[PDB]
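Next up: just one chain, as structure tokens, the form deposited in one PDB entry.
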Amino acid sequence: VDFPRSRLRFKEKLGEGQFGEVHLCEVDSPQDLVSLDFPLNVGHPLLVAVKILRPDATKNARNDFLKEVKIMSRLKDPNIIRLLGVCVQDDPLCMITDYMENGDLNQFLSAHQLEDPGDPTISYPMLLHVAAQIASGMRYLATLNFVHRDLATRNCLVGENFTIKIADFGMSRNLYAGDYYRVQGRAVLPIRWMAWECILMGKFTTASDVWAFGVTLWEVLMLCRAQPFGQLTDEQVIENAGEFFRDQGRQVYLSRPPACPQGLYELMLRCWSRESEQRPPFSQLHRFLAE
């Protein structure tokens, strides 16, 4: 049974995508809608984000939208985006999720400086808290044997009090076009976040998600101040994968961020182990970061 679409009132656009755009909507007097799937605290109207399939969508776009509903219906964790409701029995097709009022994590961290017109700062423990939450969400996806394939701060959302949820906004956003390697007729690839075996073999696993987490953790500790391997070309990043394969000590790594102690950097390096099996599981990464 659908969420009652009439209870949504459009406020503004937040973003757009390959098979739907995301609108900020208001829900008046939401108390009668509360359920195991639809939580509420309560500025008395509830704000939600709604991804909507517009009227001129291609058949291919509609199919991808309906499959995204199915994929997201799997997701049941405090640090993963969740479907509060859907409207799919008639058009327009809608996915309803929590409004994450501080937007994507990359833009959020880019707007802060590490604790030494106001001046937004973030503390080192809070950075660790951000990182721990990402690891907790990934720990959950690992239990589902669900491979994310595009973990990065651009795909994470920030709510109140530095709460984090992992999401997936796809690979077509102009804002982050430089984070993907495009060859005509091939899958688009986030190569600067990809494990060497992914670059060479095009297959993604939980272990390559762990590598991408290492790069995401590096982003967080950089406060997103620069692109991974930013002074290298896409081609050099791809060649670096070859050097991991050959294992003659000529592969290169992301450097230690200014805000990152050597002990935490050693954890990053463990995420970038040549051998998939030597990379720490997310349960271990989460324990380290939280404790």
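For every residue, the number given is its place in the sequence shown, counted from 1. So that the term is clear: the rigid core is the largest set of C-alpha atoms that superpose within 1.5 Å between two forms.
If you look for the form deposited in another entry, you will not find it shown, but the lines that follow are about it.
Among the candidates 205, 143, 110, 172, displacement between the shown form and the other one reaches 2 angstroms at the C-alpha for one position only, 172 (superposition on the rigid core). After superposition on the rigid core, the Cα atom of residue 274 is displaced by less than 2 Å between the shown form and the other one. Put the two forms on the same core and the Cα of residue 54 is off by 2 Å or more between the shown form and the other one.
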